[PDB]
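Participant: my sequence and its experimental structure, below.
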Amino acid sequence: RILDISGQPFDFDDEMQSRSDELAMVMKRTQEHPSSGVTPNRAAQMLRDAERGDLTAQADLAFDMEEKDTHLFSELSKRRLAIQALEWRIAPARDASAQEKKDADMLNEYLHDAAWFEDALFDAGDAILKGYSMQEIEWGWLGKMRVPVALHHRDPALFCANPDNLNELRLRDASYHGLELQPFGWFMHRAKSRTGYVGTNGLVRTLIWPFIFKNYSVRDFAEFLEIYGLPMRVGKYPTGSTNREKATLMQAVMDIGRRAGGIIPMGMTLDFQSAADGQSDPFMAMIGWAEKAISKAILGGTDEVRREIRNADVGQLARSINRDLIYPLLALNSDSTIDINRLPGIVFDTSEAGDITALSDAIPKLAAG
Amino acid sequence: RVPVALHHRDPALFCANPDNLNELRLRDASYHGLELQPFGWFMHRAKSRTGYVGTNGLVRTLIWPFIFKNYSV
């Protein structure tokens, strides 16, 4: 039996938990769009439900926001590209033995040789907006070595938090208690932007309101622009007019454009009344305020703060990788028990690039000693 | 054995498998499309946003500003 990281023995099954016939029904889902006609009460209810462990409506709302809002998508893409551009290397523990160094370098070489690692990291970046990111693991054989063939992303809406114990995710199976996650078969990465339980640490909680304000303002602005700068044309006719005479007047009113002429009787009158007036200053002011609020929420400014954000979420991702992927590989490949405090980890190249021009000052120091 | 030439194809002639998303198939007026012929296609997809295929393109976010700009102009 394979020994867990916590020290509790268990049985390892290569088949996915989602491949079960009974679970096949819940796998197929229709992606509802709760962003149509958003109401502050509706958003508050969705957030309240997500607090208790629903996590479905909030996930769909976050998906809708990440595609409907251009600024939010741009900022998220910028952040994910910034985190993805870093370089990583596997290093063993301090004062490591020769065998430990050999294992560390072989794992490092394998992970650079693994194509699915980049996709796995990119998919794990989804926990910046959503509260969590869940990916399957497809175990396989490569030269008598247990390695993952590929990792499959899963919809965040298919997971619910345990009411008895929060901060623990479970697979939804239409039951009071969801199915426990299959050990050595999942890659769960969560980003704790704010302290608290899972499902409340995502960026959706703070970004729901500016999105609503900005979208409503822009749609109202577009509607106002539609009926702007074209006054309505009206025509007054005497009470004794024939039914046919009204039709001719109605057709004549509809035929006004460019440099138009026309003759009207003394009894009839024609006037122009504007159906909309105002300026675009308030709509644009609100849109700009919402956009800068979103930019402040995501990036921290409208740089050093970007570097700190990258360091923090890179460290969180490294901890998640060490907890989820590094240990099972060694545990399955090695027959003996894996030491808990002597396992290799992943270190990202989080170092500021030096300036070769200003490091010429080291020569006098080297001469002095 | 080398490829003589590669011919681009209309993206509208492909449909995703309802049983298993993220997999493209050639449309043939059937519930399940024809599976792609091995060693006969060059399929490149850009994952701008995570999720299933057909939702990771730039159309999803660029549809609205295009509408607003064109109607305004």
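Facilitator: On my side now, so go ahead. Residues are numbered from 1 along each chain as shown, chains lettered A, B, ... in the order given.
Participant: now do the strands in the stretch 201-350 of chain A.
Facilitator: Using DSSP state E, counting those that start in this stretch, the strands of the stretch 201-350 of chain A run over residues A:232-236, A:269-273, A:345-348.
Participant: just these: most buried one?
Facilitator: Ranked by mean neighbour count, the strands of the stretch 201-350 of chain A are led by strand A:345-348 with a mean of 17 (mean count of other Cβ atoms under 10 Å in any protein chain shown). C-beta here means a position set from N, CA and C on the backbone, and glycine is covered the same way.
Participant: how about the residues of chain A near chain B?
Facilitator: Within chain A, the residues that sit near chain B (Cβ under 8 Å from any Cβ of the partner chain) are A:63, A:66-70, A:73, A:77, A:119, A:122-123, A:125-126, A:153, A:218, A:222, A:225-226.
Participant: just the buried residues of these.
Facilitator: Buried members of the residues of chain A next to chain B, counted by 16 or more other Cβ atoms under 10 Å in any protein chain shown: A:63, A:66-69, A:73, A:119, A:122-123, A:125-126, A:153, A:218.
Participant: these in helices, which ones?
Facilitator: If you go by DSSP state H, those have A:63, A:66-68, A:73, A:119, A:122-123, A:218 in helices.
Participant: which two in these are spaced the farthest apart?
Facilitator: A:119 and A:218 (34.4 Å; Cβ to Cβ).
Participant: what residue in chain A comes nearest to chain B?
Facilitator: residue A:67 (4.4 Å; Cβ to the nearest Cβ).
Participant: isn't that residue up against residue B:49?
Facilitator: Yes: proximity of residue A:67 to residue B:49 meets the contact threshold set by Cβ atoms under 8 Å, at 7.3 Å.
Participant: where do the contact lists of those two overlap?
Facilitator: Counting by Cβ atoms under 8 Å, 6 or more residues apart in numbering or on different chains, the common neighbours of residue A:67 and residue B:49 are A:73, B:55, B:60.
Participant: contact partners for the last one?
Facilitator: Right, residue B:60. So residue B:60 contacts A:67, B:49 (Cβ under 8 Å, 6+ apart).
Participant: mind doing that once more with 7 Å?
Facilitator: residue A:67 (Cβ atoms under 7 Å, 6 or more residues apart in numbering or on different chains).
Participant: check the second one too.
Facilitator: By Cβ under 7 Å, 6+ apart, residue B:55 lies in contact with nothing.
Participant: alpha carbons only: can I get the helix or strand containing residue A:26 in PDB?
Facilitator: Following DSSP states H and E, one finds residue A:26 within helix A:21-27. Only the C-alpha atoms of helix A:21-27 are listed here, as PDB (Å, rounded to 0.1, in the frame of the first residue of the first chain):
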ATOM      1  CA  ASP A  21     -20.300   5.400 -14.900                       C
ATOM      2  CA  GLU A  22     -22.400   6.800 -12.000                       C
ATOM      3  CA  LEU A  23     -20.300  10.100 -12.000                       C
ATOM      4  CA  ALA A  24     -20.700  10.400 -15.800                       C
ATOM      5  CA  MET A  25     -24.200  12.000 -15.400                       C
ATOM      6  CA  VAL A  26     -23.000  14.900 -13.300                       C
ATOM      7  CA  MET A  27     -20.000  15.500 -15.500                       C
END
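Participant: after it, next one along is what?
Facilitator: helix A:40-52.
Participant: distance from that next one to the middle of the chain?
Facilitator: Counting by Cα atoms, centre = their mean, to the nearest Å, helix A:40-52 is centred 18 Å from the centre of its parent chain.
Participant: give me phi/psi at residue A:161?
Facilitator: phi -80, psi 150 (degrees, to the nearest 10).
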